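Structural overview for review
What follows is each chain in one-letter form.
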Amino acid sequence: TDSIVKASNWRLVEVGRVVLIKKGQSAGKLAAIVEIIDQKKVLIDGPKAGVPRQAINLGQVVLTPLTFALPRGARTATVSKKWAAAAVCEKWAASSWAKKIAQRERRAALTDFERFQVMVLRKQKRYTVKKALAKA
Amino acid sequence: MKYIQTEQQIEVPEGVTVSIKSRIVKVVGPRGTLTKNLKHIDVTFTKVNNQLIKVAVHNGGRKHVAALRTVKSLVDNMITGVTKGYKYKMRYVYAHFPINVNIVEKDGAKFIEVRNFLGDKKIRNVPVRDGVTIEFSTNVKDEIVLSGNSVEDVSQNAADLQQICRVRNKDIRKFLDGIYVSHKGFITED
Amino acid sequence: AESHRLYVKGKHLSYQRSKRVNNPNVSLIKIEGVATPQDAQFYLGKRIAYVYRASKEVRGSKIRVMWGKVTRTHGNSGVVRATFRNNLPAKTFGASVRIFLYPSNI
Amino acid sequence: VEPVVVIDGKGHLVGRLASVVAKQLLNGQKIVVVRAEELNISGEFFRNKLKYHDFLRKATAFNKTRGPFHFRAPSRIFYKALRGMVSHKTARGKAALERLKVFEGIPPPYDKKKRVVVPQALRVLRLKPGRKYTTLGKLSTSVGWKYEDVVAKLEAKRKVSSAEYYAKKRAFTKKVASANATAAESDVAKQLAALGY
Amino acid sequence: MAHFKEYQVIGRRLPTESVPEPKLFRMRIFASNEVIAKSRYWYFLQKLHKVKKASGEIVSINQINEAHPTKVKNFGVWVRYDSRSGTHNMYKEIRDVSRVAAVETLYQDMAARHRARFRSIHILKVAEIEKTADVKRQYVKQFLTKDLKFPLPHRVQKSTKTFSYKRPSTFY
RNA sequence: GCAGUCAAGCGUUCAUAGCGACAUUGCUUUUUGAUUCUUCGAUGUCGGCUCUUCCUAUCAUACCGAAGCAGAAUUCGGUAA
RNA sequence: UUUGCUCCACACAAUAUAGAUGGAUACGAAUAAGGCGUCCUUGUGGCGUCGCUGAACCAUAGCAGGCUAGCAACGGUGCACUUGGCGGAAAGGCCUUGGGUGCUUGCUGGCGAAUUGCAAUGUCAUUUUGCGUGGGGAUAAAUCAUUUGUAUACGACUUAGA
Ligand SMILES: [Mg+2]
Ligand SMILES: [Mg+2]
Ligand SMILES: [Mg+2]
Ligand SMILES: [Mg+2]
Ligand SMILES: [Mg+2]
Ligand SMILES: [Mg+2]
Ligand SMILES: [Mg+2]
Ligand SMILES: [Mg+2]
Ligand SMILES: [Mg+2]
Ligand SMILES: [Mg+2]
Ligand SMILES: [Mg+2]
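Residues numbered from 1 in each chain as written, not as in the entry; some residues may be left out. Chains lettered and ligands numbered in written order. Part of a larger assembly, values for the part shown. Heavy atoms only, no water.

- As recorded in the PDB header, cryo-EM is the method behind this entry, and the stated resolution is 3.05 Å.

Listed below in structure tokens is the structure:
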């Protein structure tokens with residue numbers, strides 16, 4: 001006797017929404033939405049990661065699931081204060097998204113001897129995995 | 001003008017389960033069940049407190065948020081049709097030839113036949129949509145009552161029974177003859 | 001190893017052309033994995049071979065080679081320009097060429 | 001990057017998919033397009049039906065068996081789209097169209113092969129939400145294609161067998177992922193995680 | 001016109017013997033560069049006063065940067081443009097962080113909605129609306145609501161490859 | 001030749017059921033004027049007969065909308081070759 | 001019946017190549033929604049989780065990958081043979097059973113490589129064919145000419161004849 005409505009989980013464009021710049025000079029750095037200009041334009045500010053306070057489109061921008069409590073139009077010192085108080089970078093680096101960015105950077109930063117060691121170790125782990133697959 | 005966020009307010013009474021998946025609404029009440037497929041609209045349904053469901057359009061134009069109140073009225077019609085039901089009463093209007101309307105059975109299909117419409121030898125058959133039940137009112141002369149859970153089914157079956165009795169090649173301002181909807185209402189209403 | 005490849009696959013797309021006039025002296029090569037002219041700047045100067053086969057055996061081999069090199073980049077999407085010693089035969093618009101890693105600077 | 005590329009034509013727009021596929025065939029890539037009867041065209045069904053009737057009304061006046069052959073099947077509607085994006089009167093164009101196979105449904109061998117999508121052509125990525133679109137199977141049946149029901153019955157059977165396969169595959173993937181997550185917190189797994197794997 | 005640049009342009013109407021020290025008329029000009037800025041200065045001073053380039057001089061041209069380029073501001077823009085069949089005045093409102101970005105939005109807005117080219121348009125005034133509820137247009141009053149948040153439905157992700165193997169999802 | 005816009009007025013009253021002055025804006029190449037661009041080292045020159053196809057600006061037939069459509073008969077119009 | 005024809009295996013030639021050079025790596029559906037895992041009252045359920053690209057996953061060390069000695073394990077994989085089931089949309093493939101027979105880089109060893117001389121695709125694929133060897137299999141028609149007239153300008157059609 002209960003109504004059941006699916007309630008699609010969207011990352012909102014809100015003040016304090018932590019975003020990830022994907023295009024431009026920052027390009028992989030986090031910032032915080034500080035004000036909303038229009039539907040397509042926001043004012044972000046990324047003071048710990050080095051992003052300047054700027055008006056950016058929401059098309060150079062990926063909203064992350066992270067949100068910290070930030071007042072609207074907060075200047076850069078306030079944004080850095082609330083950011084470091086709410087520990088945005090520590091909460092970001094624990095996510096499976098930032099671990100995937102770090103993993104693909106590490107994989108691209110592998111050398112040839114490290115790729116050889118990856119092959120040797122993958123065969124070694126494969127032996128135990130395929131051995132236990134038959135038993136279980 | 002691209003409105004930021006428009007909201008409408010579907011109120012859910014007691015005994016009524018409005019379960020909404022993607023855009024397939026299922027309303028179950030004391031009278032039965034109704035299912036609508038609203039996958040052509042692009043709205044977002046959110047349940048608030050089991051007696052209220054908001055429906056929303058984010059970044060919608062005028063023609064898009066025009067459909068939001070249509071959706072709210074459609075789910076409200078489902079709720080009203082499974083709580084109070086729907087009941088459309090039609091009257092037979094004739095000048096000389098009495099319109100003989102019966103309910104007939106044709107290989108398990110439940111037609112309404114209309115004989116002697118303007119002295120026609122043609123028998124006008126209107127199938128009965130499922131969910132719609134037909135009765136003929138005692139103590140009200142020449143009244144047929146179409147009632148059911150669905151306002152769309154009931155009102156379209158009433159419209160079909162009206163449109164089968166249209167007058168051809170005559171001045172329809174004088175030949176006013178047919179079956180017309182005289183009342184739209186609910187089954188258990190007071 | 002099941003793979004012995006020491007080159008990067010490419011496709012001979014077409015000759016250099018305008019809408020209606022082609023230049024057979026310059027060929028366009030789509031190198032696999034290159035999607036940017038800045039990526040294509042790695043392969044500039046690298047030797048291209050178009051390796052094909054015949055029936056007549058000329059020097060103890062039924063396999064013949066057309067040699068050339070990447071000269072510059074073409075466009076915005078990693079297509080490069082190649083020049084060959086003898087031009088590519090234009091029945092190979094869509095054939096595979098091999099872009100070797102020599103002369104290597106990396 | 002594959003020897004042939006099997007493209008699931010469901011949810012794609014016909015001209016965008018055909019402009020992708022034409023350039024790939026001319027670049028030398030062999031392409032199969034399966035499920036051509038779920039291809040979308042932008043614009044409503046009546047608009048596209050009127051466009052096909054405009055195509056249908058034009059044939060050679062003195063002998064209709066010479067004119068524009070109005071092919072009715074969705075695969076041949078897509079192939080008509082893709083010709084005219086290929087320079088088909090030349091040997092290079094004929095050789096490029098010999099690299100293409102377009103099918104209704106997913107027939108044999110391609111039923112047991114991986115089907116890819118082309119996101120530059122996908123309707124959910126290209127059309128504005130709320131824009132009307134048609135489906136190639138409905139359009140073909142309205143203009144005279146005779147096997148919409150046969151393809152639907154065979155596709156339902158194909159979907160049943162592929163769902164049985166995927167239930168077995170999920171059981172095996174559960175076993176493999178359980179064996180791999182057991183292998184984590186080992187020395188080899190930690191050394192691979194240090195190298196990014 | 002990638003972004004516009006606002007210039008003060010001060011010009012004089014060349015000093016004669018009867019009148020030395022002339023009057024120094026000054027304007028604020030949105031232009032791509034100083035060439036267009038001096039040209040627009042003479043275009044508007046030929047509309048206001050009896051002077052042209054031959055009988056005047058430019059004494060100064062300075063770019064006016066935005067005083068707070070990272071504060072989101074509501075601008076009222078009074079504009080006069082030439083339609084196909086007349087001349088009209090408009091008042092539009094643009095929310096942006098700087099006057100030059102607001103004027104770029106205005107020029108795109110006018111060319112889009114009213115088909116008005118750069119030559120047709122005179123920027124009569126750009127002034128920041130200092131307080132809300134003097135803001136007059138609904139399309140900018142939307143964003144001045146308290147605790148405004150909105151989602152971005154139907155995310156379309158740009159793929160770098162011509163083939164995908166996943167049947168992508170438009171969640172966000 | 002055929003349409004359209006405005007509407008003083010005709011239509012017992014009533015501009016627009018049906019017409020519609022004074023103006024005004026167009027369509028078509030099925031008439032005729034205008035050109036002399038192709039043909040003067042032959043494009044056989046009207047009409048008819050025969051036979052095929054096409055257009056719709058629909059006379060009839062099918063289905064309808066409007067009337068100063070009671071019925072009958074008409075009149076205006078739509079889809080429609 | 002100048003021992004014809006066809007199939008399988010290997011050997012040698014000729015023939016070419018719309019263009020191999022680790023692997024085409026299989027749910028369906030929705031996108032204003034889903035995938036996976038788990039739990040229960042098995043649902044349009046609860047909880048967790050993931051995406052933000054395949055930049056993945058699998059494979060991948062060895063004279064183009066030789067010979068040989070062990071340790072650990074009873075796994076992985078190739079080859080033929082074999083048991084059973086499924087697949088007709090173009091099935092001609094998918095999944096299994098048992099033994100044999102290699103290989104194993106899961107771990108530790110021994111020997112070899114050179115001189116293709118500073119690079120020359122430095123030849124490793126899969127199509128058709130022929131010829132030859134040794135193992136099977138089968139033992140017809142059609143056309144002309146004669147004839148019919150259900151056909152016909154001629155062909156063609158349609159009939160008949162040991
Ligand atoms: Mg009458
Ligand atoms: Mg070309
Ligand atoms: Mg698939
Ligand atoms: Mg037919
Ligand atoms: Mg002559
Ligand atoms: Mg002659
Ligand atoms: Mg002649
Ligand atoms: Mg007409
Ligand atoms: Mg008519
Ligand atoms: Mg016609
Ligand atoms: Mg090996």
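**Structural notes on the protein's contact with RNA strand F**
- In the vicinity of RNA strand F, the contacting residues are B:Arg168, B:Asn169, B:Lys170, B:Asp171, B:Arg173, B:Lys174, B:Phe175 and D:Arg57.
- For RNA strand F, the backbone makes up 74% of the atoms found within 4 Å of the protein, where backbone means sugar plus phosphate.
- Within the side chain of B:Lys170, an N or O atom sits 2.6 Å from a phosphate oxygen of RNA strand F.
- In this structure, B:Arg173 approaches RNA strand F through a side-chain N or O atom, which is 2.6 Å from a base oxygen.
- For the surface near RNA strand F, a count of residues per class yields one nonpolar, one polar and six charged. (Near = heavy atom within 4 Å. Polar contact = N/O pair within 3.5 Å; in protein donor to acceptor, adjacent residues only side chain to side chain. Nonpolar A, V, L, I, M, F, W, Y, C, P; charged D, E, K, R; others polar.)

**Some thoughts on the interface of chain E and chain A**
- Listed per partner, the contact involves 15 residues of chain E and 19 residues of chain A.
- Together chain E and chain A conceal approximately 1700 Å² of surface at their shared face, both sides included; 63% is due to carbon and sulfur atoms.
- Its largest share of buried area at the contact with chain A, chain E owes to E:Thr70, E:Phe150 and E:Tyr172, together 36% of the area lost on that side.
- Put simply, chain E and chain A have one salt bridge between them.
- Residues E:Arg95 and A:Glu35 are paired through a salt bridge, measuring 3.5 Å at the closest nitrogen-oxygen approach.
- Between chain E and chain A we count seven residue pairs in polar contact in total.
- Broken down by secondary-structure element, the contributors of at least two residues to the side of chain E that touches chain A are strand 5 (86-96) and strand 7 (150-151) of chain E.
- Of the pairings in the sheet, the one linking strand 2 (residues 12-13) of chain A to strand 7 of chain E comprises two bridges and is antiparallel in character. What sits directly across from A:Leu12, in strand 7 of chain E, is E:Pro151. (Contact = heavy atoms within 4.5 Å. Buried area = accessible area lost by both parts, 1.4 Å probe. Salt bridge = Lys/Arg side-chain N within 4 Å of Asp/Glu carboxyl O. Helix = DSSP H or I, 4+ residues; strand = E, 2+ residues; numbered from the N terminus. Pairing = 2+ DSSP bridges.)

**As for the packing of helix 1 (residues 14-27) of chain D against helix 3 (residues 74-82) of chain D**
Residues and elements named next belong to chain D.
- One way to put it is that helix 1 packs onto helix 3 with a least axis distance of 9 Å and a crossing angle of 65°. Seen along the crossing, helix 1 lies across helix 3 with a hand that is right-handed. Facing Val14, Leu17, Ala18, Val21, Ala22 and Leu25 of helix 1, the residues of helix 3 in contact are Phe78, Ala81 and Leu82. (Axes fitted to C-alpha atoms, helices over the stretch in contact; angles between N-to-C directions. Left-handed = near helix turned anticlockwise from the far one by under 90°.)

**Brief notes about the pairing of strand 6 (residues 51-57) of chain A**
Residue and element names in this part refer to chain A.
- Alignment of strand 5 (residues 41-46) against strand 6, held across five bridges, turns out to be antiparallel. Residue pairing across strands places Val42 opposite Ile56, the latter belonging to strand 6.
- Hairpin connection from strand 5 to strand 6: four residues lie between these consecutive antiparallel strands, with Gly50 at a positive phi of about 100°.

**Thoughts on the protein's contact with RNA strand G**
- Around RNA strand G, a shell composed of 108 residues is seen, among which C:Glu2, C:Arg53, C:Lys91, C:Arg98 and E:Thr170 lie nearest.
- Within 4 Å of the protein, atoms of RNA strand G come from sugar and phosphate in 50% of cases.
- Within the backbone of A:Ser96, a nitrogen or oxygen atom sits 2.9 Å from a phosphate oxygen of RNA strand G.
- Between RNA strand G and D:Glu155, the relevant distance is 2.7 Å, taken from a base nitrogen to a side-chain nitrogen or oxygen of the residue.

**Section: the sheet that holds strand 1 (residues 5-11) of chain E**
Residue and element names in this part refer to chain E.
- If you trace the three strands from one edge of the open sheet to the other, you get 2-1-3, paired in antiparallel fashion. This sheet does not close on itself; its edge strands, each paired only once, are strand 2 (25-31) and strand 3 (58-63). Between one strand and the next, the sheet's axes are offset by a mean angle of 20°, whatever the strand orientation.
- Pairing of strand 1 with strand 2 involves seven bridges; the strand directions are antiparallel. Directly across from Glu6, in strand 2, lies its bridge partner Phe30.
- Those strands touched by helix 1 (residues 34-48) are strand 1, strand 2 and strand 3, and its axis lies near 130° from that of strand 2.

**Quick word on the sheet that holds strand 1 (residues 3-11) of chain B**
Residue and element names in this part refer to chain B.
- One open sheet holds the three strands; their spatial order is 1-6-5, and the pairing between them is antiparallel. In this open sheet, the two strands that pair with only one neighbour each are strand 1 and strand 5 (44-47). Averaged over all pairs of adjacent strands, the angle between their axes in this sheet comes to 25°, without regard to strand direction.
- Where strand 5 meets strand 6 (residues 52-60), four bridges bridge the pair, whose relative direction is antiparallel. Bridge assignment links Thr44 to a residue of strand 6, and that residue is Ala56.

**Points about the interface of chain A and chain B**
- Facing nine residues of chain A, the contacting portion of chain B comprises 16 residues.
- Regarding the contact of chain A and chain B, the summed buried area is about 1000 Å², with carbon and sulfur atoms giving 48% of it.
- By the criterion of area lost to chain B, the three top residues of chain A are A:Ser3, A:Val5 and A:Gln39, representing 52% of everything that side buries.
- The tally of links from chain A across to chain B stands at one salt bridge.
- The partner of B:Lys47 in a salt bridge is A:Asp2, with the nearest N and O atoms 3.0 Å apart.
- Linking chain A with chain B are seven residue pairs in polar contact, by the criterion used here.
- By residue class, the composition of the side of chain A that touches chain B is four nonpolar, three polar and two charged.
- Taken together, the two bridges between strand 1 (residues 4-5) of chain A and strand 2 (residues 17-20) of chain B define a ladder with parallel strand orientation. What sits directly across from A:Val5, in strand 2 of chain B, is B:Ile20.

**Observations concerning the packing of aromatic side chains**
- Counted under the stated rule, the structure contains 18 aromatic pairs over all chains.
- With 5.0 Å between their ring centres and 65° between their planes, A:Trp92 and A:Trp97 make a pair best called edge-to-face.
- Ring centres of E:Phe143 and E:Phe150 lie 6.4 Å apart, and the angle between their planes is 75°; on these two criteria the pair is classed as edge-to-face.
- Look at E:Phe143 and you get buried, because its relative accessible area is 10%.
- Overall, E:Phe150 belongs to the buried group, its relative accessible area being 1%.
- Three or more aromatic residues link up through ring pairs in this structure, and these residues are C:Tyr7, C:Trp67, C:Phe100 and C:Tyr102. (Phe/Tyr/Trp six-rings, centres within 6.5 Å; stacked < 30°, edge-to-face > 60°. Buried < 20%, exposed > 50% of the residue type's maximum accessible area, 1.4 Å probe, protein only.)

**Looking at a nonpolar patch on the surface**
- Among the surface-exposed residues, A:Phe113, A:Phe116, A:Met119 and A:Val120 lie close enough to one another that they form a single nonpolar patch of about 390 Å² accessible area.
- Take A:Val120: it is sitting in helix 4 (residues 112-135). (Patch = residues over 30% accessible without salt bridge, like charges linked within 9 Å, V, L, I, M, F, W, Y side chains within 5 Å. Areas by Shrake-Rupley, 256 points an atom, 1.4 Å probe, with all protein chains shown as cover.)

**Description of a positive patch on the surface**
Residues and elements named next belong to chain A.
- A surface patch of positive charge is lined by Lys100, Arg104, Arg107, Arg122, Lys123, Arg126 and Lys130.
- Looking at the positive patch, the elements with two or more residues in it are helix 3 (96-108) and helix 4.
- At four residues, the largest contribution of residues to the positive patch is made by helix 4.
- Mapped onto the secondary structure, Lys100 falls in helix 3. (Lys, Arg positive; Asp, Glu negative; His and termini not counted. Charge placed at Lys NZ, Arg CZ, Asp CG, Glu CD.)

**Describing the environment of E:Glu128**
All names here are of chain E.
- With respect to the element layout, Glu128 can be found in strand 6 (residues 121-128).
- On the accessibility criterion, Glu128 (26% relative accessible area) is partly exposed.
- With 30 residues separating them along the chain, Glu128 and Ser98 place their C-alpha atoms 9.6 Å apart.
- Once residues within four sequence positions are removed from consideration, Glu128 is found in contact with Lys71, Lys73, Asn74 and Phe75.

**Section: the side chain of D:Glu37**
- You can see D:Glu37 is positioned in the loop between strand 2 (30-34) and strand 3 (40-42).
- Not counting the four nearest positions on each side in its chain, D:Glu37 is found in contact with D:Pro74, D:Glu104, D:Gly105, D:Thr135, D:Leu136, D:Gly137, D:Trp145, D:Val151 and D:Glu155.

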